[PDB]
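What follows is one structure encoded as structure tokens, with my remarks underneath.
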Amino acid sequence: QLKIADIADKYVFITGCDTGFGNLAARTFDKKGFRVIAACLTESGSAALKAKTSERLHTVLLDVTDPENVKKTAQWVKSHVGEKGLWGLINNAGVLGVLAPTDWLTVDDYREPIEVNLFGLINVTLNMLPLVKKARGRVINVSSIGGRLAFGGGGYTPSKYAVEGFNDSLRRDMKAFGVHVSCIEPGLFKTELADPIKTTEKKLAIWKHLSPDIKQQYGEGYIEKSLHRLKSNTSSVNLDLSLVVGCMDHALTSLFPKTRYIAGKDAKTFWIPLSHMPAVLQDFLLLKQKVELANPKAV
Amino acid sequence: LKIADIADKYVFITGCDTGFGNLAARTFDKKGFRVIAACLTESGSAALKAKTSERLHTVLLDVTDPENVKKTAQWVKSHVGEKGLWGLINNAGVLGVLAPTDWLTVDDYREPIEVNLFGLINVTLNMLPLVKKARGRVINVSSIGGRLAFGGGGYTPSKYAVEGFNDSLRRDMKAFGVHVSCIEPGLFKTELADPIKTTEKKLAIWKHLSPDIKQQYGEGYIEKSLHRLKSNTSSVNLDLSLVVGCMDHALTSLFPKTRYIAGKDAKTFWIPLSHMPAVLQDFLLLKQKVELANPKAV
Ligand SMILES: NC(=O)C1=CN([C@@H]2O[C@H](COP(=O)(O)OP(=O)(O)OC[C@H]3O[C@@H](n4cnc5c(N)ncnc54)[C@H](O)[C@@H]3O)[C@@H](O)[C@H]2O)C=CC1
Ligand SMILES: NC(=O)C1=CN([C@@H]2O[C@H](COP(=O)(O)OP(=O)(O)OC[C@H]3O[C@@H](n4cnc5c(N)ncnc54)[C@H](O)[C@@H]3O)[C@@H](O)[C@H]2O)C=CC1
């Protein structure tokens, strides 16, 4: 294979490096000899990341939903990289948000995941884009199988579908500047994103204030019956985060970066294939394992 | 065959002032449905009332106003009583600012996402108990723009998002016998997409654009891009009834489809192109795009 040269002279900006993919990426690209700028949400996230990495790495406190903070951070990066520009932007920061049946939710429940996963990713992209153009560099967007195949109710799937759409508008707009745009679609991975207990604890808070009608339709025990089911399929979840960082690595360092990478044997052989199937067949296969409502005719 | 007792069934349609929503309100009124036509403007609803039977009611709805949506859902709940709401057609939408991504701020993305996604979701969540009651139909108007990305701006993200929400809703509602249909129109002559309106927004943005971007694209880029939009306004459907016919099948068929494609453009070019890898989409979609004056001026 043909890799790029002068990795040591190139800067990579990564969002959400406190935990998960972003943290392993910051550490992996620091070892590789890139100059990493690791955006962290929390002081302890950045202190633990600094403590584990070389002097080539800098950390910045970034909340991607704070437009002043994003603009300041882009100003800082612009001074520091000067005429090298910014070789690599990895939009990794994301949250699950509330995940529940659609008919349990209000529109406000949809706001948080869209604000981080879409608006935050867009604003960071628009603020760094002049620097990535300058370097003729790489924008890497972290999507989800949830951006090709809808999860249950909540803003996560809409936010990820939207990222897929923005990613393609950006790729086509940037082809003229020699800037490559790569979309990464991970399967299910053990990170801090998706915590069966955290997810069940949010469903229970919603249940507490849910109308009598919905409670009668689903039935008492629905939440706990559907946790016994989530836990039946927690074995088939990747613990190897490097399958995703390897994809970021190829998108950063390959002379021929792919427009889409799929991480996880789950994703390559089940989820993405299922995303190409007509809805009749997706609904058939996805609904086979769903908890029966107590009183569906109580409408 | 078709359902029975069309005359006993209510259909709520958003954005009936103009375009698909207007033709749908009129077509379903003629068909003998009891239409509740949500209009953005007083003059939109006065002209719609004036052209339709006494079976039709109009309500003033801004889908981005959550108080207005909740009030309208209360009004509908009283009026349909125990029939519930047989049909919800989420039709209301706007294009927003359409321009190269590197011209835009995040704020430019907000309006189309607020109408096309948040507005559609909030109207859906407020009417859903009534649609469950009727064991009825939710019909979401997407776009080829929700399967294949248009230029920069929030329209394509909003439409991709609708496609995602549509599938979450279909799967959540299968247990209540509620069917969910997604309509993907090609390009149609409505008030949505107006080459002159689109060019007039690009020019206002140009006026405040950084020296760097202006050098890269070059003076005349916008006007060269209008000469090109106007070269391909022949290949734009004038027959809005191709879309309302799809809504009709989704409302009245015992076997409503999960997705309808309207336009010969959409069936034979756009949707096929949406299944191709990016190398091939970018090849075909970029062939006809205005060369930048100084792309290396970065
Ligand atoms: N782990 C999985 O199974 C899947 C993960 N993904 C995506 O991978 C990306 C990374 O998440 P994971 O590493 O899995 O989880 P994680 O929660 O461990 O990492 C997400 C990161 O986002 C940061 N973050 C959250 N809100 C932020 C904000 N407002 N501003 C700045 N940073 C913020 C957190 O500090 C954290 O470092 C996300 O975009 C997620 O949607 C994709 C598909 C599924
Ligand atoms: N016309 C086309 O070629 C295409 C249209 N579509 C979709 O068709 C749908 C209907 O639009 P068209 O009839 O084509 O355009 P249009 O502009 O003629 O109709 C849109 C309707 O939405 C209403 N509306 C706009 N903002 C609103 C708000 N905040 N609250 C309530 N109502 C509001 C307007 O009053 C109007 O009646 C849209 O969702 C659009 O995205 C799909 C693909 C392309």
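Because only heavy atoms are used, hydrogens play no part in the values below, and waters and symmetry mates are left out as well, while side chains stay in. The chains referred to below are lettered A, B, ... by the order of the sequence lines, with proteins before strands, and numbering in each begins at 1.
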Exercise for review: Nearest 0.5 Å please: distance from the CG atom of B/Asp282 over to the CE atom of B/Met276.
Suggested key: 10.0 Å

Practice item. Apply salt bridge (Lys or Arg N to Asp or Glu O under 4.0 Å) to B/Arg259 and B/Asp167, showing your working. Key: CA-CA 10 Å; B/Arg259 257 166 196 95; B/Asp167 290 359; 3.0 Å; yes

Exercise for review: Say whether, by atom type as modelled, one donor and one acceptor occur between the side chain of B/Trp86 and the main chain of B/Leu251 under 3.5 angstrom.
Suggested key: yes

Exercise for review: Quick one: do B/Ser158 and B/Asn116 satisfy side chain to side chain donor-acceptor pair (under 3.5 Å)? Show the steps, please.
Suggested key: CA-CA 6 Å; B/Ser158 75; B/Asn116 306 359; 3.2 Å; yes

Review point. Going by heavy atoms in the side chains, are A/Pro296 and A/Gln217 under 4.5 Å from each other?
Key: no

Review point. NZ of B/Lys77: more than 12 outside heavy atoms within 6.0 angstrom?
Key: no

Check your understanding: Regarding B/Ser142 and B/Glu184, is there a side-chain donor-to-acceptor distance under 3.5 Å anywhere?
Key -> no

**Study point:** Aromatic centroids of B/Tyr160 and A/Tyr161 separated by under 6.0 Å
**Key:** no

Review point. Would you say the side chain of B/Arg55 lies within less than 4.5 Å of the side chain of B/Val35, judging by non-hydrogen atoms?
Key: no

Practice item. Taking atom NZ of A/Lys215 as the centre, report whether more than 12 heavy atoms of other residues, nucleotides or ligands fall under 6.0 Å from it. Key: yes

Check your understanding: What's the verdict on salt bridge (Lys or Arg N to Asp or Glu O under 4.0 Å) for B/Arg34 and B/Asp29, showing C-alpha distance, side-chain angles and the deciding distance?
Key -> CA-CA 7 Å; B/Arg34 317 187 176 191; B/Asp29 176 65; over 6 Å; no

Practice item. Report yes if some heavy atom in the side chain of B/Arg137 is under 4.5 Å from a heavy atom in the side chain of B/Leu88; otherwise report no. Key: no

Review point. Is the shortest distance from a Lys or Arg side-chain nitrogen in B/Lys189 or B/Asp239 to a carboxylate oxygen in the other one below 4.0 Å?
Key: no

Review point. Would B/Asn22 and B/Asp17 count as having a side-chain donor-acceptor pair, cut-off 3.5 Å?
Key: no

**Study point:** Contact check, side chains of A/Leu118 and B/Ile113, non-hydrogen atoms, under 4.5 Å
**Key:** yes

Point to revise | Heavy-atom closest pair, residues B/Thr101 and B/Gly152 | key: OG1-CA, 3.6 Å

Check your understanding: Quick one: does A/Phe151's side chain get under 4.5 Å of B/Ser168's, heavy atoms only?
Key -> no

**Study point:** Test side chain to side chain donor-acceptor pair (under 3.5 Å) applied to B/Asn140 and B/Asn166, step by step
**Key:** CA-CA 7 Å; B/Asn140 297 311; B/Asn166 185 87; 2.7 Å; yes

Exercise for review: Could you check B/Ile183 against B/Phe20 for side-chain contact (heavy atoms from CB on, under 4.5 Å), going step by step and ending with a plain yes or no?
Suggested key: CA-CA 11 Å; B/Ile183 306 199; B/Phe20 304 139; over 6 Å; no

Practice item. Would you indicate whether the side-chain heavy atoms of B/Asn237 and B/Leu187 approach each other to under 4.5 Å? Key: no

Revision key, fill the gap. All heavy atoms of B/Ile144 vs all of B/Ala266, minimum pair found to be CG2-CB, 4.0 Å

Check your understanding: Hey, does the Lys NZ or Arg CZ of B/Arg110 hover above the aromatic six-ring of A/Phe119, less than 6.0 Å from the centre and inside 45° of the axis?
Key -> yes

Practice item. Walk me through it: do B/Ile36 and B/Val11 pass the test side-chain contact (heavy atoms from CB on, under 4.5 Å)? Key: CA-CA 6 Å; B/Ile36 309 160; B/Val11 185; over 6 Å; no

Practice item. Measure up the A/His276 and B/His275 rings against each other and bin them: parallel (under 30°), tilted (30 to 60°), perpendicular (over 60°). Key: tilted

Point to revise | Trace of the salt bridge (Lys or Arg N to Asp or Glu O under 4.0 Å) decision for B/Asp248 with B/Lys31 | key: CA-CA 10 Å; B/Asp248 187 60; B/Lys31 274 208 78 175; 3.0 Å; yes

Review point. Taking it one step at a time, do B/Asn91 and B/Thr14 satisfy side chain to side chain donor-acceptor pair (under 3.5 Å)?
Key: CA-CA 5 Å; B/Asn91 167 86; B/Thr14 64; 5.3 Å; no

Point to revise | Check against side-chain contact (heavy atoms from CB on, under 4.5 Å), B/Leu128 and B/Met173 | key: CA-CA 9 Å; B/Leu128 196 52; B/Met173 288 302 102; 3.8 Å; yes

Point to revise | Enclosure of B/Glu191 CD (heavy-atom neighbours >12, cutoff 6.0 Å) | key: no

Exercise for review: With the side chain counted from C-beta on, respond yes when B/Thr258 and B/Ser181 share a heavy-atom pair under 4.5 Å apart, and no when they do not.
Suggested key: no

Review point. Between atom CG of B/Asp62 and atom CD of B/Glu67, what is the distance when rounded to the nearest 0.5 Å?
Key: 12.5 Å

Review point. Taking NZ, NE, NH1 and NH2 as the nitrogens, is one of them in A/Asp103 or B/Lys132 under 4.0 Å from a carboxylate oxygen of the other?
Key: yes

Point to revise | Sub-4.5 Å side-chain heavy-atom contact between A/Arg172 and B/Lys289 | key: no

Exercise for review: Can you measure from OG1 (A/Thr157) to CG (A/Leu149) and round to the nearest 0.5 angstrom?
Suggested key: 7.5 Å

Point to revise | Smallest separation among heavy atoms of B/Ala37 and B/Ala25, with atom names | key: CB-CB, 4.1 Å

**Study point:** Derivation and outcome, side-chain contact (heavy atoms from CB on, under 4.5 Å), residues B/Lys257 and B/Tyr260
**Key:** CA-CA 7 Å; B/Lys257 296 172 208 190; B/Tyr260 302 81; 3.7 Å; yes

Exercise for review: Look at the side chain of B/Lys159 and the backbone N and O of B/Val141, then say whether any donor-acceptor pair between them is shorter than 3.5 Å.
Suggested key: yes

Check your understanding: What class does the angle between the rings of B/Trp75 and B/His57 fall in, given that below 30° is parallel, 30 to 60° is tilted and above 60° is perpendicular?
Key -> parallel

**Study point:** Quiz item: cation-pi between B/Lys174 and B/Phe176, 6.0 Å / 45°
**Key:** no

Review point. Just wondering, more than 12 heavy atoms not from B/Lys287 lying within 6.0 Å of its NZ?
Key: yes

Check your understanding: Quick one: CD on B/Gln74 to NZ on B/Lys70, what's the gap to the nearest 0.5 Å?
Key -> 10.0 Å

**Study point:** Nearest heavy atoms of B/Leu60 and B/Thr72, plus distance in Å
**Key:** O-OG1, 4.1 Å

Check your understanding: Taking A/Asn295 for the side chain and A/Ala298 for the main chain, is one N or O donor matched with an acceptor at less than 3.5 Å?
Key -> no

**Study point:** For the student: nearest non-hydrogen atoms of B/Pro256 and B/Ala250, plus distance
**Key:** CB-O, 3.8 Å

**Study point:** For B/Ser241 against B/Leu23, the heavy-atom pair lying closest together
**Key:** N-CD2, 3.6 Å

Check your understanding: About how many Å separate CG of B/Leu242 and CD1 of B/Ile261, when rounded to the nearest 0.5 Å?
Key -> 13.0 Å

Review point. OG1 of B/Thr124 to CG of A/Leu105: how many Å apart, nearest 0.5 Å?
Key: 12.5 Å

Point to revise | Pair A/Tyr218 and A/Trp104, ring centroids less than 6.0 Å apart | key: yes

